[PDB]
Amino acid sequence: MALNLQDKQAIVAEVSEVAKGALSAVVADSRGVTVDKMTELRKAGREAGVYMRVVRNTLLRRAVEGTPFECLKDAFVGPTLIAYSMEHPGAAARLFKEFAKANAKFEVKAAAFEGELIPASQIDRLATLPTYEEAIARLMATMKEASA
Amino acid sequence: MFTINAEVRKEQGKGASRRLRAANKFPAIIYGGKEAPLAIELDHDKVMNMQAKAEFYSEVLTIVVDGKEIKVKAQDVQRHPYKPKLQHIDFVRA
Amino acid sequence: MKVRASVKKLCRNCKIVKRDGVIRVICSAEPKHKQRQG
Amino acid sequence: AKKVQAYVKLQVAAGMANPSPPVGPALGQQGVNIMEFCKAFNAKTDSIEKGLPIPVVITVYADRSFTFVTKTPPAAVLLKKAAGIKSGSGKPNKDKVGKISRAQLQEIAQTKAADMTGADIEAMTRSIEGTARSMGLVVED
RNA sequence: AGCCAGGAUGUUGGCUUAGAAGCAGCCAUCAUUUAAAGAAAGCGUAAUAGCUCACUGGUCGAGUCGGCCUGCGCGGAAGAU
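See the structure below:
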């Protein structure tokens, strides 16, 4: 541990992501291996670039230190180990979906999908955050509904 | 800025000094300028800690005696011959 | 057993214990290190 | 990939999958088949490049037939066939004598970006510098 | 303090040696991915391998660490009617 001019940096990035971000997931890394986070690296990598950071911060004076500002409901998701996956550019994308599909392959756990702060609930794996750019599905029925 | 507290010595001598030493205090003296030399006691423990630091001897120190700040510099210190202890201190007015 | 006037921790594993008014070094790792004061 | 079994990586040949002195029977004998290493590995070898070392990992357990998998080339040996001196040194590490290229050490790391944790594409090139300065090769950036 | 994890790369540093891959030595004691990982403190070996350790991240959730001064005690302490 340093002093006080190093611990704040972690919170600075935490608050920055917590505040300036979007839909976020959780990954209780109780025994993180080497491919577990490596598999997420590629998953997070797909999303634009390096904006889907996922550090192993579950301290009350670390990841819970930036709860007073934004995401003021991580006090219940601060015990044990909670790897907050704060997003950035875009919205929810397939983060929650991917996480669920990545946590269903026995990748440690995620405290029963605690969830971040976006809607007005808590734990709810929804798949209504996937399509958000598709605009060619309304041009498949035009050369088949003319003859009849 | 080291601030020492001190009391003026009623009785001086060999026996007296010994007694003082026994009771976790130790004698000391101030001398310099026109003013007469002032004999004082000091609490030992407090002063030893202070004197561990090398800044104690170089800088000016403030001795408080009868509610009066005298500014002095540590001139010489008698130490006990085989213990971490102070027999006596010579302070010079500054 | 070494029985010595001077008993000491000889390694990280060596622990000092007093039993029945006898200082003893007991070591989990090395049998040679186990000592007694006498 | 989430679970692994057995793996014996070794610089083999891509031109002809049939060695003896280097590998041969030592490349597979504990349930592995040496007859299934020259009918599937060569199939996915005539659609890229063959001749340089190609580390391979056979997914064999105890069901005879296995599943040949691919890999990637070493980044430390990437400054020999795509830089300058092949050895990369020549004398005891004490007097810098090696060198690299300022125009390279960027597109040579993009080829092996399937094994780099660096989220950013330029972040993977930062790790190459350290691998390109193993002995102390001074680049003319 | 225990408890759960890692304890990597260049790299097995070169030699001289029969071999030397942290661990026969002799010598340099550097750099990388950085949360952190000693060209390695102990075990281990034909030597690798393998098993620990250093430091560090987590759990936990209040005191804890080892010097100084002195009091009293313990061991050191076996003899012949």
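Protein chains in written order, with the authors' numbering: chain 9, 1 to 148; chain 4, 1 to 94; chain q, 1 to 38; chain Y, 1 to 141.
Heads up, the beta-carbon is just placed ideally off N, CA and C, and yes, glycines get one too.
Between residue i and chain 9, is any beta-carbon pair separated by less than 8 Å?
| i | result |
| --- | --- |
| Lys39 (chain Y) | no |
| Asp120 (chain Y) | yes |
| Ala1 (chain Y) | yes |
| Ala109 (chain Y) | no |
| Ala75 (chain Y) | no |
| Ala123 (chain Y) | yes |
| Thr72 (chain Y) | no |
| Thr117 (chain Y) | yes |
Can you find a C-beta in chain Y that's less than 8 Å from the C-beta of residue i?
| i | result |
| --- | --- |
| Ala104 (chain 9) | no |
| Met86 (chain 9) | no |
| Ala44 (chain 9) | yes |
| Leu41 (chain 9) | yes |
| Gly49 (chain 9) | yes |
| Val35 (chain 9) | yes |
| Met143 (chain 9) | no |
| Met38 (chain 9) | yes |
When we look at the beta-carbon of residue i and count the other beta-carbons within 10 Å, is it buried (16 or more) or exposed?
| i | result |
| --- | --- |
| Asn103 (chain 9) | buried |
| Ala44 (chain 9) | buried |
| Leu52 (chain Y) | exposed |
| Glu49 (chain Y) | exposed |
| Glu145 (chain 9) | exposed |
| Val97 (chain Y) | exposed |
| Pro68 (chain 9) | exposed |
| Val69 (chain Y) | exposed |
| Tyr61 (chain Y) | exposed |
| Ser24 (chain 9) | buried |
Specify, as a first and last residue, the run of the alpha helix (DSSP H) that residue i falls within.
| i | result |
| --- | --- |
| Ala22 (chain 4) | 15-22 |
| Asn103 (chain 9) | 95-103 |
| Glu55 (chain 4) | 55-58 |
| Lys15 (chain q) | First-last for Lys15 (chain q): 14-18, but that is the beta strand (DSSP E), not the alpha helix (DSSP H). |
| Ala13 (chain 9) | 7-19 |
| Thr128 (chain 9) | Segment: none, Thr128 (chain 9) is in no alpha helix (DSSP H) and carries neither H nor E. |
| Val35 (chain 9) | 35-46 |
| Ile82 (chain 9) | It is not in any alpha helix (DSSP H) - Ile82 (chain 9) carries neither H nor E in the DSSP assignment. |
| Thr59 (chain Y) | Note, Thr59 (chain Y): premise wrong, no alpha helix (DSSP H); not H, not E. |
| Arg126 (chain Y) | 123-132 |
Taking just the CA atoms, how far does residue j sit from residue i?
| i | j | result |
| --- | --- | --- |
| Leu117 (chain 9) | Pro89 (chain 9) | 16 Å |
| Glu98 (chain 9) | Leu129 (chain 9) | 11 Å |
| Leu5 (chain 9) | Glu14 (chain 9) | 15 Å |
| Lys71 (chain Y) | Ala43 (chain Y) | 15 Å |
| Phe76 (chain 9) | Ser121 (chain 9) | 13 Å |
| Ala63 (chain 9) | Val23 (chain Y) | 51 Å |
| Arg53 (chain 9) | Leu72 (chain 9) | 20 Å |
| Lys18 (chain q) | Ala6 (chain Y) | 52 Å |
| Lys34 (chain q) | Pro81 (chain 4) | 41 Å |
| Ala119 (chain Y) | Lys101 (chain 9) | 21 Å |
| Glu114 (chain 9) | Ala19 (chain 9) | 19 Å |
| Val33 (chain 9) | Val27 (chain 9) | 13 Å |
| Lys14 (chain 4) | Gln87 (chain 4) | 12 Å |
| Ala127 (chain 9) | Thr58 (chain 9) | 27 Å |
| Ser28 (chain q) | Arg31 (chain 9) | 30 Å |
| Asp115 (chain Y) | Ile11 (chain 9) | 30 Å |
| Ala2 (chain 9) | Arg61 (chain 9) | 14 Å |
| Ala137 (chain 9) | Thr131 (chain 9) | 12 Å |
Going by beta-carbon coordinates alone, are residue i and residue j separated by less than 8 Å?
| i | j | result |
| --- | --- | --- |
| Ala113 (chain Y) | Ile121 (chain Y) | yes |
| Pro73 (chain Y) | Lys9 (chain Y) | no |
| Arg102 (chain Y) | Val139 (chain Y) | yes |
| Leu95 (chain 9) | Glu134 (chain 9) | no |
| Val35 (chain 9) | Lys2 (chain Y) | yes |
| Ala22 (chain 4) | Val64 (chain 4) | no |
| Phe2 (chain 4) | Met50 (chain 4) | yes |
| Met135 (chain Y) | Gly84 (chain Y) | no |
| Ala112 (chain 9) | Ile123 (chain 9) | yes |
| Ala39 (chain 4) | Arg79 (chain 4) | no |
| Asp29 (chain 9) | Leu81 (chain 9) | yes |
| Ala141 (chain 9) | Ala92 (chain 9) | no |
Between which two residues does the beta strand (DSSP E) containing residue i stretch?
| i | result |
| --- | --- |
| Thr3 (chain 4) | 3-8 |
| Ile40 (chain 4) | 38-43 |
| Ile30 (chain 4) | 25-31 |
| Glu69 (chain 4) | 69-79 |
| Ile48 (chain Y) | Careful: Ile48 (chain Y) lies outside any beta strand (DSSP E) and carries neither H nor E. |
| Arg36 (chain q) | 35-37 |
| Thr62 (chain 4) | 61-65 |
| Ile89 (chain 4) | 86-93 |
| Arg24 (chain q) | 23-27 |
| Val3 (chain q) | 2-4 |
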